[PDB]
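**Student:** can't give you the sequence, but here's the structure:
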Ligand SMILES: O=[N+]([O-])c1ccccc1O[C@@H]1O[C@H](CO)[C@H](O)[C@H](O)[C@H]1O
Ligand SMILES: O=[N+]([O-])c1ccccc1O[C@@H]1O[C@H](CO)[C@H](O)[C@H](O)[C@H]1O
Ligand SMILES: [Mg+2]
Ligand SMILES: [Mg+2]
Ligand SMILES: [Mg+2]
Ligand SMILES: [Mg+2]
Ligand SMILES: [Mg+2]
Ligand SMILES: [Mg+2]
Ligand code: NA
Ligand code: NA
Ligand code: NA
Ligand code: NA
Ligand code: NA
């Protein structure tokens, strides 16, 4: 990430932070992320994200944010699709409701580890004293993407400190027509060029 | 006798049907197709009188001209001269349904002509008159004596006048009935007119003559050898000294010839046809005919004495081609066709249904220039010259019997009735007898929209017996009945099934594989081009290319059937159904053409040209792969032009010759290309250009194009810190912002930007407000009418949900001062009767540079009908001469109809940004736009827009383009999102799901600045 801009303004009832970053590689700009954070008297933090994706770079796996929360909580409660893991091109069986599961059920123990446990169509997500509202997809577990991508057998994974939270405005389909040739359908690739998403983080 | 109320009497004294004759008396003139002294035209000035019923015609008229008659031009349709009104009705018959009777009030056209006959025509042989087209039934007298009668408005009626004429002056009297029992078989969706609307001619034939001739061409397995077989029949004085010689010419060279005496092979226990002869000519390496290369030979049929006297000669253009269906595919000369077709009615906005060569040529040129290779004669045999033109210019033709009984209930009531077989039979058999030697005709059709009756099965079989060289198709009764060799539906969708009972319209892809089905599928009508339409067209072409058995279709249709009317000031205007007092009528349903009545293109034409290209392209790196979809020709009149530009700025370009064999591929690797690091999108555009002119196109004609986004450099450059900060001033009613010479005013009660000044000049006539509706397109309305609402049509769903009447309720409006800008924030709710339909949340940020960034986030209730658009609108104070944009163009383009548009920098006169569809609706959008310039303003973002002198309100409230009036200022509509326009049909919602605005939440952003 390269910073392009970071500013702070005070509004009548809130503080507004504005940021812009470019992601580049071998001098090419791959992605540009523009955001605003607006914190008001209610203590809610509203995040708006607008992303540009160069038309000539391969369509990305996802467009979201991530962080390692310091807290580890027993349950996960969300208003969205579930209860089991679901992805864009594999979510017909999931139902929209309010689900509540132990954190470990939010991780799928695929023998060969990878991105896993996403839930889509989520309007509200609760974990510990935090609450996220918006229209996103998410996964939450003790394992970072880095670890999963560096690990070849589930038995070698180890819980990291805290909880890794991945909250996506958009996520690419997973495909599966076969496992030896790209099989994610066009309608499930993130090829729009410009993406917008917004979330509200607040304390519960 | 009221012969016009008896389907059992379709003619009296009419001569047999046959292919075009000219009775040349010199074979070289027959070979060259020059005029024949034996074939005269009687077209010109005639005498005409209109009567309200045949009972009102005075008997004196048979013997002499009526003083009150007018002199008028023939051919003509009398409605075109104002004698009575033409009627525009689609399905419902224009008369009370009570076969076989017609109204006692039945407009009768009394035509007459005094003309001369040279004595020599009466000294020997036979003199006949030919009426190529009389609508709908007529009696004929010559010199006051009754000659005969005829029905079928679309084929020639010929009568022998030999015994009625006298040397010098003669007078014809033709009493034409507008309505007859023939009318029950003429219910096509078009203007209902009448008159002697095709040519009238007089033909002299010798007593011993060629009465019919049929030409067939059969081939060997690889088409390198053929046998031309010509069966010739004679009438007259049959003697042993008679011969027929058939010679075949390629230009001035005679390639083959055969001569034989009369007497065909034995055919049964009673012998053979002593009055017939079959000549068989061997032809090596014949030049084959196709729409791609319309190679023709000339066959001359000489009837002569063995000792050398030519009695008469007849002749035709011959196209060596074989048409056959094998293994589920329609093949032409052994290769599977891909039909780029269109249905074409015979229509002229001034002359009605009268055709002329200029207009036909004009239509053929434009069809070919727009990549069409086929035409269906919807829904009757055409004027004879059409065929000649298609043979010569090269178009595949579906020749269709003049049988349409749509208005019956059920639709096969007459076609399944044996009492209507004779009348139907004549319409089929006489067509085949007239047009069977034209190579352009490749498929026969039994008529249209007449259900499926036993009569179709009998006639299907008759054709198959008499002419095995061409398949037979017929869509009625479900499009895949036993009366059709090709599954030929109308308006079946690509992927969406429409399972109506009895006659379902399956997705075309699904249709082909139904259990036991094996026939090819070619749509007899697809993509209803009514008003702003053709949305989804590309979907059809992708399917046709992917599925071998999906071999194309005929677009509905070529030209709008609008008629010209003149206002108080004598200025012409385009009229449609009901504009002549005609009622009931089907209003604008008569305009469904790719082109306007005067042949000006509608924007959809370019979409069709593009999807119907004959060269396919793929890009890999700097390598372009060109694939030919021609079946028979090499790319011998083609070159590839290529050009690379960055945001409209040309960086490099070139040309490469195209040398691809039919169905072949060519790889072209482009030169080291530009790799600028300046921000923007790099686009490659390629065009196939025909350097040499052809019979149907000018040198430099573009036949194909395609574009690809090459590299993109996103802008990362920070803008320069401003030497200013805008000031905010507040009052209870407004937020005013000022910066330099610019000012912005936001109304606190309405919550919208109400005014902007550049200098001292106001820029807006109406405030900037959200807009979720559009002036409805013909496809949005479908069949809905005030008197009979169709609740399922998009327009009605929007209306009923309150979209057009919703009022913006302000929920919030604040202004804040930032470090280097002023920020206005607003939120509005649109409700209707208690229902919140949409919520619009925006920010407007005006900075020290004077630009205004507007961010819009809209929520749309999931249970309200998907809205037509999500955008902003305002009436600008300025009227500027031009419009310049960086986006798709240059023509109007909508989300489901934009493949033909190209991304570039375009610049046009304001008026070209409006499309003058006869029935006004939303129009002129351009999509994929990144920057728009108009007068002093510039808008940047990623949006679609339209800009013109007409508000959406006016367009939706006006029914005819000539009644629109330019408003003050310019109406600008800038949409973040716009719904598809549809068009698979114009009577059932046809916007594909992927083009409906059903996301629920939408975001868009624009920067408006001045320059
Ligand atoms: O046959 N119909 O009852 C009918 C009702 C409403 C709309 C179209 C329609 O039929 C359709 O009309 C279009 C009009 O351009 C064409 O004539 C097409 O051939 C016909 O099937
Ligand atoms: O046929 N039309 O072109 C047409 C235009 C506007 C309204 C009704 C209409 O045709 C009418 O359509 C209804 C179906 O909705 C029936 O098929 C009716 O028989 C037909 O005349
Ligand atoms: Mg009759
Ligand atoms: Mg000779
Ligand atoms: Mg003589
Ligand atoms: Mg019809
Ligand atoms: Mg009507
Ligand atoms: Mg394209
Ligand atoms: Na892994
Ligand atoms: Na095909
Ligand atoms: Na029509
Ligand atoms: Na060439
Ligand atoms: Na209108």
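**Tutor:** Structure's in. What do you need? Numbers count the residues shown, from 1 in each chain, chains lettered A, B, ... in the order given. Ligands and ions are numbered 1, 2, ... in the order given.
**Student:** ranges for the helices of chain A?
**Tutor:** A:145-150 (DSSP state H).
**Student:** tell me the residue of it that sits nearest ligand 2?
**Tutor:** Taking C-beta to the nearest ligand atom, ligand 2 has its nearest neighbour within chain A at residue A:187, 33.8 Å off. C-beta here means a position set from N, CA and C on the backbone, and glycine is covered the same way.
**Student:** report how many residues lie close to residue A:150.
**Tutor:** Using other C-beta atoms under 10 Å in any protein chain shown, residue A:150 has 11 other residues around it.
**Student:** that should have said residue A:17, apologies.
**Tutor:** 15.
**Student:** for the residue nearest to it when sequence neighbours are not counted, give its distance to ligand 1.
**Tutor:** Of all residues not flanking residue A:17 in the chain, residue A:37 sits nearest, at 4.4 Å (C-beta to C-beta, 6 or more residues apart in numbering or on different chains). From residue A:37 over to ligand 1 the distance is 55 Å, taken as C-beta to the nearest ligand atom, to the nearest Å.
**Student:** what does chain A have sitting close to ligand 2?
**Tutor:** Remark: no part of chain A is in contact with ligand 2, using C-beta under 6 Å from any ligand atom.
**Student:** close to ligand 6: what parts of chain A are there?
**Tutor:** Proximity of chain A to ligand 6, by C-beta under 5 Å from the ion, involves no residues.
**Student:** is it true that residue A:62 touches residue A:174?
**Tutor:** No. At 11.3 Å, residue A:62 does not count as touching residue A:174 under the criterion of C-beta atoms under 8 Å.
**Student:** and chain B, is stretch A:40-53 touching that?
**Tutor:** Yes. Interface with chain B: stretch A:40-53 contributes A:50, A:52 (C-beta under 8 Å from any C-beta of the partner chain).
**Student:** list the buried residues of that stretch.
**Tutor:** Residues of stretch A:40-53 classed as buried: A:45, A:46, A:47, A:48, A:49, A:50, A:51, A:52, A:53 (neighbour count, 16 or more other C-beta atoms under 10 Å in any protein chain shown).
**Student:** pull the residues that contact it.
**Tutor:** Here stretch A:40-53 makes contact (C-beta atoms under 8 Å, 6 or more residues apart in numbering or on different chains) with A:13-14, A:30-39, A:59-60, A:63, A:65, A:169, A:190, A:192-203, B:714, B:1003, B:1005.
**Student:** so who does the one residue in chain A that gets nearest to ligand 6 touch?
**Tutor:** Ligand 6 sits closest to residue A:187 of chain A, with a gap of 37.5 Å, by C-beta to the ion. Neighbouring residues of residue A:187 by C-beta under 8 Å, 6+ apart: residue B:994.
**Student:** which residue is nearest the centroid of chain A?
**Tutor:** Most central in chain A under C-alpha atoms, centre = their mean is residue A:167, positioned 2.2 Å from the mean C-alpha point.
**Student:** report the beta-bridge partners for the residue lying closest to that one once chain neighbours are set aside.
**Tutor:** Leaving aside its sequence neighbours, residue A:167 sits nearest to residue A:138 (C-beta to C-beta, 6+ apart; 4.7 Å). As for beta bridges, residue A:138 partners with residue A:119, residue A:167 under DSSP bridges.
**Student:** who touches residue A:138 in this structure?
**Tutor:** The contact partners of residue A:138, taken as C-beta under 8 Å, 6+ apart, are A:78, A:118, A:119, A:122, A:125, A:132, A:165, A:166, A:167, A:168.
**Student:** need the contact list for the residue lying closest to residue A:183 once chain neighbours are set aside.
**Tutor:** Closest residue in space to residue A:183, ignoring its immediate chain neighbours: residue A:175 at 3.6 Å, by C-beta to C-beta, 6+ apart. Going by C-beta under 8 Å, 6+ apart, residue A:175 touches A:89, A:182, A:183, A:184, A:185, A:188.
**Student:** so the third one makes contact with residue A:176?
**Tutor:** Same thing as residue A:183. Yes. Using C-beta under 8 Å, residue A:183 is in contact with residue A:176, at 6.2 Å.
**Student:** residue A:58: neighbour count?
**Tutor:** Neighbour tally, residue A:58, other C-beta under 10 Å: 12.
**Student:** what's the end-to-end length of stretch A:110-125?
**Tutor:** Distance across stretch A:110-125, first residue to last, is 24 Å (C-alpha to C-alpha, to the nearest Å).
**Student:** and that stretch, how far from the chain's centre?
**Tutor:** Computed by C-alpha atoms, centre = their mean, to the nearest Å, the separation of stretch A:110-125 from the middle of its chain amounts to 9 Å.
**Student:** which positions in it come out as buried?
**Tutor:** In terms of neighbour count (16+ other C-beta under 10 Å), stretch A:110-125 has its buried residues at A:113, A:115, A:116, A:117, A:118, A:119, A:120, A:121, A:122, A:124, A:125.
**Student:** tell me if I'm right that the fifth one and residue A:167 touch.
**Tutor:** The reference is to residue A:118. No. Taking contacts as C-beta under 8 Å, residue A:118 lies outside contact range of residue A:167: 10.2 Å.
**Student:** need the residues touching each of the two.
**Tutor:** Residues touching both residue A:118 and residue A:167 (C-beta under 8 Å, 6+ apart): A:137, A:138.
**Student:** I'd like to know how far the residue of chain A at minimum distance from ligand 11 sits from ligand 3.
**Tutor:** Relative to ligand 11, the nearest point of chain A is residue A:187 (34.7 Å; C-beta to the ion). For residue A:187, the distance to ligand 3 equals 59 Å [C-beta to the ion, to the nearest Å].
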